[PDB]
Amino acid sequence: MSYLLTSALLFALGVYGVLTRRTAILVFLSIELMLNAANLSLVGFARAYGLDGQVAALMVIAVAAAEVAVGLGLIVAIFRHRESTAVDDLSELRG
Amino acid sequence: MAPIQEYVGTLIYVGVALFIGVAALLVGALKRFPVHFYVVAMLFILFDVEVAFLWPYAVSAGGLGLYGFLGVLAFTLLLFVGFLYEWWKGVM
Amino acid sequence: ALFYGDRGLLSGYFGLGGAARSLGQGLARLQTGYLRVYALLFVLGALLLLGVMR
Amino acid sequence: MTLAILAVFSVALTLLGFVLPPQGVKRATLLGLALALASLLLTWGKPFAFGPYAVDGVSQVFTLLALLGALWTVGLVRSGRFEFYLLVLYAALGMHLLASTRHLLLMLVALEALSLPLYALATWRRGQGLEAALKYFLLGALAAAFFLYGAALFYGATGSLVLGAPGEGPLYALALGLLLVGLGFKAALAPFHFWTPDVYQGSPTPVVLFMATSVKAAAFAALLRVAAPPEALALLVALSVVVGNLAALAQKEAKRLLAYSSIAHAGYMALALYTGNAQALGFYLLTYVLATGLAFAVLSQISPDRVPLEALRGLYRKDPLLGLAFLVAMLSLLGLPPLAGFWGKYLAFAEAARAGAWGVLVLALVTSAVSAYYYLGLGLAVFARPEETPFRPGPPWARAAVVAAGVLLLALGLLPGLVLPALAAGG
Amino acid sequence: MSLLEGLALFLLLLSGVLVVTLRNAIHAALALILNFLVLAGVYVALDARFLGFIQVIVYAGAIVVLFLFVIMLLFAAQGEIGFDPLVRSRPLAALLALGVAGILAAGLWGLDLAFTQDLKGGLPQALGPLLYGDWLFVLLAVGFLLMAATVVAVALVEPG
Ligand SMILES: CCCCCCCCCCCO[C@@H]1O[C@H](CO)[C@@H](O[C@H]2O[C@H](CO)[C@@H](O)[C@H](O)[C@H]2O)[C@H](O)[C@H]1O
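Residues numbered from 1 in each chain as written, not as in the entry; some residues may be left out. Chains lettered and ligands numbered in written order. Part of a larger assembly, values for the part shown. Heavy atoms only, no water.

In this section: the interface of chain D and chain E. Contact residues are listed per partner, giving 31 residues for chain D and 22 residues for chain E. Three residues, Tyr90, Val109 and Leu174 of chain D, lead the burial of chain D against chain E; their summed loss comes to 20% of the area buried on that side. Linking chain D with chain E are 1 salt bridge. Here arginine 81 of chain D makes a salt bridge to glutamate 158 of chain E, at a shortest N to O gap of 3.4 Å. Elements supplying a minimum of two residues to the side of chain D that touches chain E: α1 (2-16), α4 (83-99), α5 (104-121), α6 (127-157) and α7 (170-187) of chain D. Among the elements that make up the side of chain D that touches chain E, the one with the highest residue count is α5 of chain D (8 residues). (Contact = heavy atoms within 4.5 Å. Buried area = accessible area lost by both parts, 1.4 Å probe. Salt bridge = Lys/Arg side-chain N within 4 Å of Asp/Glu carboxyl O. Helix = DSSP H or I, 4+ residues; strand = E, 2+ residues; numbered from the N terminus.)

Counting residues in hydrophobic clusters, the biggest one holds 348 residues, and the most contacted among them are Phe11, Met59 and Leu72 of chain A, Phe53 of chain B together with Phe146 and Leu153 of chain D. Looking at this core element by element, the count peaks at 21 residues for α6 of chain D. Beyond its immediate stretch of four places on either side in the chain, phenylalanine 146 of chain D contacts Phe11, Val15 and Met34 of chain A, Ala46 of chain C, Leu178 and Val181 of chain D together with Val100 of chain E. (Core = buried A, V, L, I, M, F, W, Y, C linked by side-chain atoms within 4.5 Å. Buried < 20%, exposed > 50% of the residue type's maximum accessible area, 1.4 Å probe, protein only.)

Moving on, we get to the packing of helix α2 (residues 22-42) of chain D against α4 of chain D. Residue and element names in this part refer to chain D. Relative to each other, α2 and α4 sit at 15 degrees, their axes nearing to 9 Å. Looking at the two axes, α2 sits roughly parallel to α4. Here α2 and α4 pass one another in a crossing that is left-handed. Only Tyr85, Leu86, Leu89 and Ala92 of α4 make contact with α2, whose side of the interface consists of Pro22, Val25, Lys26, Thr29 and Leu33. Among the residues forming the contact of α2 with α4, the class breakdown is 7 nonpolar, 1 polar and 1 charged. (Axes fitted to C-alpha atoms, helices over the stretch in contact; angles between N-to-C directions. Parallel < 35°, antiparallel > 145°, perpendicular 65-115°, else oblique. Left-handed = near helix turned anticlockwise from the far one by under 90°. Nonpolar A, V, L, I, M, F, W, Y, C, P; charged D, E, K, R; others polar.)

Tallying the contact residues gives 75 residues for chain E and 66 residues for chain A. Here chain E and chain A share an interface that buries about 6,600 Å² over both sides, 77% of which is from carbon and sulfur atoms. Seen at the junction of chain E and chain A, the total is 1 salt bridge. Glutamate 80 of chain E is paired through a salt bridge with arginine 21 of chain A; the nearest N and O atoms lie 4.0 Å apart.

Taken together, 13 residues are adjacent to the ligand, and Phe50 of chain D together with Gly133, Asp134, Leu136 and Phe137 of chain E come closest. Residues within reach of the ligand are spread across chains B, D and E. A distance of 2.9 Å separates an oxygen atom of the ligand from a polar backbone atom of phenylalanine 50 of chain D. Between an oxygen atom of the ligand and a main-chain N or O atom of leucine 136 of chain E, the distance comes to 2.7 Å. When isolated, the ligand has an accessible area of 780 Å², and the protein chains bury 64% of it. At the level of secondary structure, the elements contributing two or more residues to the shell around the ligand comprise α1 of chain D together with α6 (136-155) of chain E. The element best represented in the shell around the ligand is α6 of chain E, accounting for 5 residues. Residues that form the shell around the ligand fall into these classes: 10 nonpolar, 2 polar and 1 charged. (Near = heavy atom within 4 Å. Polar contact = N/O pair within 3.5 Å; in protein donor to acceptor, adjacent residues only side chain to side chain. Areas by Shrake-Rupley, 256 points an atom, 1.4 Å probe, with all protein chains shown as cover.)

Summed over the entire model, instances satisfying the criterion amount to 38 aromatic pairs over all chains. Measuring from ring centre to ring centre gives 5.2 Å for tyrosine 85 of chain B and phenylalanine 18 of chain D, while their planes differ by 50 degrees; the resulting arrangement is tilted. Taken together, the residues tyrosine 85 of chain B in helix α3 (residues 65-88) and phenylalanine 18 of chain D in the loop between α1 and α2 connect one chain to another. Overall, the relative accessible area of 0% leaves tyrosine 85 of chain B in the buried class. Ring geometry for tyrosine 53 of chain D versus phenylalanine 137 of chain E: centroids 5.6 Å apart, planes at 35 degrees, classification tilted. On the criterion of chain membership, the pair formed by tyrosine 53 of chain D in the loop between β1 (48-49) and β2 (54-55) and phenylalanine 137 of chain E in helix α6 is interchain, its members lying in two chains. (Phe/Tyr/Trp six-rings, centres within 6.5 Å; stacked < 30°, edge-to-face > 60°.)

Next up on the list: the UniProt feature "transmembrane region" in chain E. All names here are of chain E. Residues annotated by UniProt as "transmembrane region" correspond here to residues 2-22, 26-46, 56-76, 91-111 and 137-157. Secondary structure across residues 2-22 divides into 95% helix and 0% strand, with the first and last C-alpha atoms of the span separated by 29 Å. Taken end to end, residues 91-111 is 86% helix and 0% strand, and its first and last C-alpha atoms sit 31 Å apart. (UniProt positions renumbered as here; feature names shortened; annotations may be inferred.)

A few words on the pattern of salt bridges. Under the counting rule described, the total for this entry stands at 12 salt bridges over all chains. If you follow the salt bridges from partner to partner, you end up with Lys89 of chain B, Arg81 and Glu83 of chain D together with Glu158 of chain E in one network.

Right, here's the structure in full:
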């Protein structure tokens, strides 16, 4: 229980990260922290409901990895020759 | 399985090791750039995952029988289709 | 007098048209193209939907 | 099994494409998609439940439509990079999985399965395409985070990660909201819709076709599985409808206007969720995937990178049947009788009113009437005097595609008593 | 319990605060590895042991290593310089973060749960039969996800 609240606080912290971070990689990082908050909550509740939540959290980790591969791949691809990685440098597409 | 004491012991061990590290330090007081090194880093972060799944099988394996083995086989073959791809694609 | 009045009535309906036009290009102006803005509006939105239910 | 066909073809084609020419791989992915689809048609009314995997009416219809989107999108993309077909197969299977389970975590896996290769498909390598891919990816991953935390809170408020679990008080609600965030984002419902215009305008056009049809389809299939509460449902609807049409007014570019149109349409579709009828939603999405698919095929035959609305004008003179089919599409997307789109809209509205959501319903209807501004501004624009406009008058493939799929529309406008009898359990 | 727990959770929140605060990408990521270490600790303390070790090995060990290779292979900590600040956003980001915190705290309040399960220290001996068992479909699906993921990532780079 004491942990669950820390999980929520962490997720919030990650949200703050995403909203605050100026560069792509670091926004992505803040997202990773959020994911981890979720994982911790999954562990606590697994400890309440019996272990399926651990397998869950592990699958979650795997998934996270996959999207890290693709996401960093994208970040590198788009910004390789291009200059500074600040994500607001791409504002061409306007509503 | 293991008594919880030995994780604490692990941590203590870490403490000693770190302190000694600090000690030795104080005796010190006495284009294409990403591609390769990215691809072969990403594949690390994938094989770590693979193995992270293979370990739970390797322990409870004979208990899981031919269907368990079949599962681990399928899994392995999928991921190796991936690796075989980025191998046949080439990495340099 | 009443003819030109009626012309003014139709004109006013068109005014409603332009009201929807205005509001519309106001809602479409919400998409700057800046990703940080999108994230802000997003988290905000989530907070909104969450705020409605429980 | 459809899943079997998809898995087999994907894994096989991955390494086979090293030994096959890109074109041959296109033939491959086409055949595979077609076979999955055929397997679906042959088991209509089978309900096949395996593990977390479950093929019922919903999975059947929505993966039928999704596979149709995959089929059409693959048709148009001769450009040789065998992955630019492979990834479509990957995405396709993923969308199937997404439509085929109530298991939250497998659902997440399916979401990544379909949305990861799409981040890649947003690359015609155009500077704007890269922007689209980047936005889609970041906002996507954040949405993912929310959906995952929602799953963890669902597993919080109940011992399961399966939807259909009885459900508590507050924590359960918070869980459903946190799920609706990610799922809603994936279906372009407000206020989770921001990515849609930039991504549709930025991505290569056939890819956008694939998205606006298949993705939305699977997304809603997965939304049927959620116990979506009346309040949240109302919010999502009202916002999506209003923002959709009203912002759609200000659009001077075709694809982006169609994105906003898709936001409003998601708004209308969500009404079916009020009862979660799924027979209504199925029909609606049949008409929608047909007409939208058509519209985007036509918009493909003009320009892949981007299309201004002026380009649409004079289309009739150039190709009479593409002009007519495009008009018909615009009218069916308007929801004007006697076209199938009208029946879809009616069938969703019907569930809204049946549920007793009257204010929401009316609002939707008012702004739907508003939407007649821009749907006509295209369909009619078909007959205008041609500006100097790019036009590659298509193969028999695409012409017969747009024409047939178009004919289907008013075919079901006159006779919805053809397909509607069984978009249900299959009887 | 609370003796270690206080220090552990404080260190957790502190670490997260750092990873979202630091203006050095290398330093940030690094702080996140500290986080993952402590997190694996907490997992161990939460009878999820194998998961903890995978937490060090995969998450701390591998993933943030890829992050580091990438921020080092472009440029780290010098990317944030630009000064298109939007500091009217910082209190709004902070406020919205506090909101997304408050809502979760609210939903978590009044929860009386038996955190007493026999979940015999997350060992893979007990984890296995579930994984290659009731979880085998999700496992395999995940595998496919990894394959598709690598094909994407490679095709997402592919110079020439
Ligand atoms: C390469 C492409 C990859 C795509 C994914 C393909 C995966 C197919 C592999 C299926 C094996 O996965 C596994 O199947 C069996 C039966 O279906 C499941 O077993 C479960 O379902 C059955 C039937 O309702 C129940 O009797 C049983 O109590 C339950 O444990 C198990 O939970 C699942 O985890």
